[PDB]
Structure formats: C-alpha cells, structure tokens
Amino acid sequence: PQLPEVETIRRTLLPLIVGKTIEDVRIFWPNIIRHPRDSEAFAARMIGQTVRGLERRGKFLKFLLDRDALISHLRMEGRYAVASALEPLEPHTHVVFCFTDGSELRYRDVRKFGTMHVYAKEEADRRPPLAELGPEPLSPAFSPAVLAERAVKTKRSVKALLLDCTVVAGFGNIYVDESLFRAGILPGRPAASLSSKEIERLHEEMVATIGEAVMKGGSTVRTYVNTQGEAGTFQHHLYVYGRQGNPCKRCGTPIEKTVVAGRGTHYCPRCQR
DNA sequence: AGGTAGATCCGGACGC
DNA sequence: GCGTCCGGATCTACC
Ligand SMILES: [Zn+2]
C-alpha cells in the first residue's frame with residue numbers, strides 16, 4: 001500500500017472503529033510490535049483507551065486513542081478488518097484489538113512485514129518511524145524547489161530518490177514508475193542530471209498521479225482492497241506498472257521491465273528520456 | 001564517498 | 001515441485 005491505498009483504508013476504516021473502547025489486545029506474532037518492544041506492555045497500555053480518530057502520514061496509519069497514538073505500517077500485505085468476536089479468525093491474523101461492544105479490529109499480514117509503534121500522542125511525531133518522514137506530496141510542503149534541493153545533491157537514480165521517504169512521503173513502486181513515465185524521465189537517470197524543467201514536470205505529475213489514485217480508491221494489482229474488501233480502480237489508469245511486453249498506451253512501443261533501486265521497474269523507452 | 005546489489009524479514013501465487 | 005515474482009524497507013558487503 002502506498003499513499004492512495006493507505007488513504008482509502010483510513011477513510012473506510014475510521015467510521016467502523018471511532019468511539020469504540022479497547023477491552024483486550026491479542027498478539028499472535030510479536031515481531032510486528034516494535035514499540036514498546038515488550039508486546040505485553042503494548043497490549044496493557046492500550047486497554048481502556050477509546051479510538052478518537054484515524055490519520056495518515058505517508059504510508060502510515062495513525063490511530064488516535066486517549067493518551068496514545070498507534071502508528072501502523074501495512075508494508076506489502078497488511079490489512080485491517082472489523083468483525084465480531086464470536087467468529088473464528090481468518091488465516092494470517094497476527095494482532096487483534098477487542099472492543100467493549102463485542103467487535104474486533106483484526107490485523108492480517110501474510111508476510112508479517114507490518115509494524116506497530118505506540119507512543120504518547122505528543123511524542124509520536126518526534127520518534128521513529130514518523131520522525132524522518134518527508135513532506136506530504138499533496139501539501140504546499142512538497143514543491144519543485146523541495147524536490148530540486150534533494151535531486152541536485154545526488155547521482156543516485158531518480159527512482160531511488162522518489163522511493164526515499166525522507167525526500168517525499170507516500171510513493172512506492174507503482175506511483176514512482178507511473179510518475180516518471182508521465183514526466184518523460186527514465187527511472188535510471190541520475191537525480192542530479194534532471195533539468196529544472198524536468199523537475200517541475202516531475203513534481204506536477206507526482207501530484208497529479210497520487211491525487212488521481214486517491215480519487216480512484218487506490219490500485220488493486222495483486223492483493224490490495226479497501227476496508228470493505230472493495231478493489232480500487234486506479235490499476236486501469238496505469239501506463240507502465242505491470243505492463244511489460246504490452247504496447248505503450250501513448251506510442252505503442254513495448255513497455256520494458258528492468259531492476260532499478262532494487263525494484264522491478266517499468267518504463268517506455270520512447271516516451272521516457 | 002556514497003551508490004548499488006544482495007540478504008533479510010516472510011509466505012502465497014504462478015508458470016513451467 | 002521449483003524458481004521467481006511481489007503496493008516496504010532496512011542492513012551489509014562491495015567498490
Ligand atoms: Zn511510449
């Protein structure tokens with residue numbers, strides 16, 4: 001899940017949990033719990049708190065409780081559902097928050113990559129994993145100037161730059177490839193090689209792409225669904241991601257796939273320069 | 001130096 | 001049955 005997927009989950013999850021009071025927290029894979037590292041302390045401190053809100057920072061969900069914030073990263077396969085305490089759990093359910101009304105918030109994660117950190121609300125923003133995060137891309141804090149300031153300093157691939165959460169929050173393998181295609185920039189270009197005009201174009205397309213994907217409920221390419229189990233529709237608007245060997249929608253040249261910045265990387269060798 | 005590729009955490013889908 | 005793939009992202013060897 002990237003920004004648009006996490007945003008859609010946030011929007012669809014909040015009304016199912018707001019105002020509910022935690023009665024128990026059960027943990028079946030303790031490695032998910034990162035702070036407090038002792039999963040018994042993590043569970044104990046959340047009991048008796050009520051869900052007051054649900055925010056997103058980058059790819060993180062921030063559950064606002066009474067005194068605490070719970071910071072959750074779904075990573076590759078993490079997802080939340082709300083269901084009755086009377087039903088058997090689905091496979092790969094690793095954390096369960098039981099509410100006083102007999103419902104439960106269930107965290108499922110086949111690959112177990114997800115993370116959870118709990119801190120007092122006033123501390124969460126100055127501690128990991130939120131502390132290092134770059135600006136929200138749909139905010140004034142992300143501008144071409146902010147992008148150029150990081151780009152000019154490094155010969156790393158522009159893909160590696162955009163995947164770096166300290167540069168800008170929220171972009172992952174899909175939206176990086178898509179933004180670069182739309183901006184006409186090859187993903188292996190050294191960041192410092194981008195012209196002033198290329199940086200402006202890239203910022204514009206990043207903002208447009210993420211915005212569009214939010215409006216479409218995210219991209220369902222393998223396993224992503226919203227909290228109601230509904231697929232997104234942005235996958236029908238992809239120019240390059242997952243389209244290797246198919247014609248470019250713009251020029252008909254076959255889309256190519258390589259590895260860049262350690263990730264599968266999709267591009268049109270004609271439209272991107 | 002600082003960028004890149006491999007290893008790691010993890011396990012299911014998929015094609016051959 | 002067996003590599004390889006995967007909306008994340010660290011660390012660790014290499015130059
Ligand atoms: Zn093209």
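FYI, side chains are in, hydrogens and waters are out, and symmetry mates aren't considered; it's all heavy atoms of this structure. Below, chains carry the letters A, B, ... as their sequence lines are ordered, and counting in each starts from 1.
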- Message: What's A:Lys159 touching, base or sugar-phosphate or nothing? Going by heavy atoms closer than 4.0 Å.
- Response: nothing

- Task: Identify the residue among A:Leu162, A:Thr209, A:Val168 that makes a side chain to side chain contact (heavy atoms under 4.5 Å, CB included) with A:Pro137.
- Result: A:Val168

- Query: Rounding to a whole Å, what distance do you find between A:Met76:CE and C:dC5:P?
  - Reply: 13 Å

- Is A:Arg189 salt-bridged to A:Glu198, cutoff N-O under 4.0 Å? yes

- Sorted by chain and number, sequence neighbours left out, side chain to side chain donor-acceptor pair (under 3.5 Å) with A:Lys62 holds for A:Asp125

- Query: How close or far is atom P of C:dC6 from atom CG of A:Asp109, stated in whole angstroms?
  - Reply: 18 Å

- Note on the structure: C1'-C2'-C3'-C4' sign, positive north and negative south, makes the C:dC5 sugar north

- Message: Return a single string for nucleotides 9-16 of chain B, one symbol per nucleotide in 5' to 3' order, where B is base contact, S is sugar-phosphate-only contact and - is none, cutoff 4.0 angstrom on heavy atoms.
- Response: BBBS----

- C:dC5 phosphate, OP1 or OP2, under 4.0 Å from A:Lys257 side-chain N/O: no

- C1' spacing across the pair C:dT4 / B:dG6, given as an integer number of angstrom: 16 Å

- A:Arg156 side chain: which of B:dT4, C:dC5, C:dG7 is closest? B:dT4

- Message: Students often get this wrong, so: under 4.0 angstrom with heavy atoms, is A:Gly114 touching a base, only sugar-phosphate, or nothing?
- Response: nothing

- Of all of residues 163-174 of chain A, which get a heavy atom below 4.0 angstrom from DNA chain C, listed by number? A:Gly172, A:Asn173, A:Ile174

- Between C:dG8 atom P and A:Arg34 atom CZ, what is the distance in whole Å? 16 Å

- With sequence neighbours excluded, residues passing ring pair (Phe, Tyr, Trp, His ring centres under 6.0 Å) with A:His35: A:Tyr119

- C:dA9 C1' sits how many Å from A:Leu162 CG, rounded? 16 Å

- Expressed in angstrom and rounded to an integer, what is the separation of A:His73 atom NE2 from C:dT10 atom P? 7 Å

- Message: Once side chain to side chain donor-acceptor pair (under 3.5 Å) is applied, do any residues pair with A:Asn246, and if so which ones, sequence neighbours excluded?
- Response: none

- Between C:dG7 and A:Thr223, is there an OP1 or OP2 to side-chain N/O distance shorter than 4.0 Å? no

- Note on the structure: With sequence neighbours left out, the residues meeting side chain to side chain donor-acceptor pair (under 3.5 Å) with A:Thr223 are A:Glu77, A:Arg79

- Task: Determine the Euclidean distance between corresponding P atoms of B:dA7 and C:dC5; express it in Å to zero decimal places.
- Result: 13 Å

- Item | Secondary structure of DNA chain B in dot-bracket form (Watson-Crick or G-U wobble, distances below 3.5 Å, | marking inter-strand pairs) | .||||||||.||||||

- Task: Hey, could you give me each pair passing ring-ring contact (aromatic ring centres under 6.0 Å, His included) that has a residue in residues 42-62 of chain A? Not counting sequence neighbours.
- Result: A:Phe60-A:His73

- Counterpart residues, side chain to side chain contact (heavy atoms under 4.5 Å, CB included), relative to A:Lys20 (two or more places apart): A:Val82, A:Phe99, A:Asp101, A:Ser103

- Query: Taking only residues two or more places apart in sequence, or in another chain, which ones meet A:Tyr107 in a side chain to side chain donor-acceptor pair (under 3.5 Å)?
  - Reply: A:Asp109

- Item | Distance in angstrom units between A:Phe60 CZ and C:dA9 P, rounded | 7 Å

- Sugar of C:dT4: specify north or south by the sign of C1'-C2'-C3'-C4'. south

- Under 4.0 Å between any heavy atoms, over every strand shown, what does A:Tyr241 touch: base, sugar-phosphate, or nothing? Just pick one. sugar-phosphate

- First encountered from the 5' end of DNA chain C, between A:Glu132 and A:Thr265: A:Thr265

- Pairwise ring-ring contact (aromatic ring centres under 6.0 Å, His included) hits with a residue in residues 156-176 of chain A, at least two apart: A:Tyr175-A:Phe234

- Task: Check the hydrophobic clustering (I, L, V, M, F, W, Y; side-chain heavy atoms under 4.5 Å; chains of links allowed) and say if A:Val18 and A:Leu54 are grouped together.
- Result: yes

- Go through the structure and list residues passing salt bridge (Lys or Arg N to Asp or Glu O under 4.0 Å) with A:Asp38, not counting sequence neighbours. none

